[PDB]
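Chemist:
There are 2 protein chains.
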Amino acid sequence: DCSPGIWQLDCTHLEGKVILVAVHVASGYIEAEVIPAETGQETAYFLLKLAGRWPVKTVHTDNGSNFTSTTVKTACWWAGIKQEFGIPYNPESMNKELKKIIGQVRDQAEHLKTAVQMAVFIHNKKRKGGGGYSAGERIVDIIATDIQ
Amino acid sequence: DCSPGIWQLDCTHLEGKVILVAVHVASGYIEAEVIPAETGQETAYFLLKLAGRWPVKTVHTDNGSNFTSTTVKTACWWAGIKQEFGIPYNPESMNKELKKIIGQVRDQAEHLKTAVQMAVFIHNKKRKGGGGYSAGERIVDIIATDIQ
Ligand SMILES: Cc1nc2ccc(Br)cc2c(-c2ccc(Cl)cc2)c1[C@H](OC(C)(C)C)C(=O)O
Ligand SMILES: Cc1nc2ccc(Br)cc2c(-c2ccc(Cl)cc2)c1[C@H](OC(C)(C)C)C(=O)O
Ligand SMILES: [As]
Ligand SMILES: [As]
Ligand SMILES: [As]
Ligand SMILES: [As]
């Protein structure tokens with residue numbers, strides 16, 4: 055479906071903590087991290103990290119206020135990210157599933173942050189089996206083809 | 055050169071802090087993070103995170119003691135990682157370069173951790189221009206081909 059440089063980024067809450075989830079919209083691949091607080095600095099830093107790893111051209115969010123601080127706009131400026139406008143908003153979600161996966165592994169770990177990376181791993185390696194690729198395989202296929 | 059599932063993982067120090075650098079040996083692509091201390095818990099957690107994102111089968115290090123705690127061995131156990139034995143050790153380095161890149165951007169950021177992600181970004185997007194791919198492009202080409 056979508057252009058290969060579009061990501062969605064949102065926060066969810068669990069155990070009084072904050073989880074920042076990035077989804078590569080064309081593949082369903084996710085990167086996620088437990089942040090100590092839902093702040094502009096945390097998002098800017100996560101954006102730098104994400105952009106260093108994948109070719110990130112536009113990012114969408116379901117809370118536009120998330121991207122208004124100069125701190126975040128400076129990270130996008132530096133990394134060359136645009137904020138996406140082609141996905142409008144209805145008053152996905154691969155955020156519910158990652159909440160279901162976390163509950164399922166929650167007791168395998170003391171910290172939520174560990175349970176989260178467990179769930180990311182399971183999500184990205186899960187064979188979405190129809192011709193049955195995982196999201197980890199799909200992102201790589203999509204970005205590689207878009208190069209070659 | 056190398057199998058597409060081999061990574062090298064090491065720590066370096068800067069500004070009294072610790073930087074954990076993972077290199078995808080076949081492509082030169084790096085992921086790096088500033089950790090508060092050089093501990094088994096930090097490495098296990100980083101391993102979970104790395105394995106959720108790329109198909110990681112073996113990891114090498116230049117300090118074998120790094121991987122001896124049960125904490126780390128449990129992360130590899132869970133993620134299905136083997137510790138690599140096919141790269142022997144002479145009594152790379154893409155660790156020096158990332159130290160050169162950091163110095164070059166150091167004043168663009170208050171925190172070292174920010175400067176580090178800046179340097180990762182520059183390193184991975186740098187056109188190694190001979192037929193002139195970047196490490197970010199090469200990793201994706203290598204893993205995709207190894208699927209298809
Ligand atoms: C705090 C912790 N302590 C441990 C102590 C001994 C052992 Br054996 C494993 C862990 C693990 C542990 C748990 C699961 C896996 Cl797969 C690997 C290590 C954790 C996990 O935290 C990290 C990964 C940050 C170290 C956790 O959240 O429970
Ligand atoms: C602490 C900090 N405060 C800021 C305050 C205002 C503005 Br405008 C930018 C920053 C940036 C800043 C610097 C560079 C870029 Cl590219 C984006 C934001 C940082 C950087 O830290 C992060 C990314 C964690 C917020 C830094 O280390 O200096
Ligand atoms: As958020
Ligand atoms: As932006
Ligand atoms: As280390
Ligand atoms: As291991």
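Chains A and A', in that order, are what the protein sequence lines are. A prime marks a further copy of an entry chain.
Reading the first sequence from the start, the letters are residues 55 to 145, 152 to 190, 192 to 209 in PDB author numbering.
Reading the second sequence from the start, the letters are residues 55 to 145, 152 to 190, 192 to 209 in PDB author numbering.
The C-beta atom is built at its ideal place from N, Cα and C for all residues, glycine as well.
Within 8 Å: the Cβ of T124 of chain A' and any heavy atom of ligand 1?
Modeler: yes
Chemist: Give the residues of chain A' in contact with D202 of chain A, contact being defined as C-beta atoms less than 8 Å apart.
Modeler: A205, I208 and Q209
Chemist: State yes or no: is the C-beta of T112 of chain A nearer than 8 Å to some heavy atom of ligand 2?
Modeler: no
Chemist: Counting C-beta neighbours from all protein chains within 10 Å, is the total for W108 of chain A 16 or more, i.e. buried, or is it exposed?
Modeler: Buried is the call here.
Chemist: In the structure shown, what three-state DSSP assignment does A179 of chain A' receive?
Modeler: helix
Chemist: Are the CB atoms of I84 of chain A' and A205 of chain A within a distance shorter than 9 Å?
Modeler: no
Chemist: Considering only the alpha carbon of each residue, which of A':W131, A':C130, A':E138 and A':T93 lies closest to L74 of chain A'?
Modeler: A':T93
Chemist: Against chain A', which members of the region 102-135 of chain A pass a CB distance test of less than 8 Å?
Modeler: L102, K103, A105, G106, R107, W108, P109, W132 and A133
Chemist: Would you check if there are 3 or more beta carbon pairs closer than 8 Å linking the region 166-179 of chain A' to the region 125-142 of chain A'?
Modeler: no
Chemist: Closer than 8 Å to a non-hydrogen atom of ligand 1 - does that hold for the CB of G163 of chain A?
Modeler: no
Chemist: Is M154 of chain A' close to chain A? Criterion is C-beta to C-beta, closer than 9 Å.
Modeler: no
Chemist: Of the residues A:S57, A:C130, A:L101 and A:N184, which one's Cα is nearest the Cα of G82 of chain A?
Modeler: A:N184
Chemist: Hey, how far is the Cα of residue 191 of chain A from the Cα of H78 of chain A?
Modeler: No atoms of residue 191 of chain A appear, because in chain A residue 190 is followed directly by 192.
Chemist: Below 8 Å on the Cβ atoms is my guess for residue 9 of chain A' versus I200 of chain A'; work out the distance and round it to an integer in Å.
Modeler: The question about residue 9 of chain A' has no answer here: the residues shown for chain A' are numbered 55 through 209.
Chemist: Look at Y194 of chain A' and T174 of chain A and say whether their C-beta atoms are less than 9 Å apart.
Modeler: In this structure, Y194 of chain A' sits away from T174 of chain A, with a CB-CB distance that is not shorter than 9 Å.
Chemist: Using a beta-carbon distance below 9 Å, is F139 of chain A in contact with chain A'?
Modeler: no
Chemist: Look up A76 of chain A' in the DSSP assignment and say whether it is helix, strand or coil.
Modeler: strand
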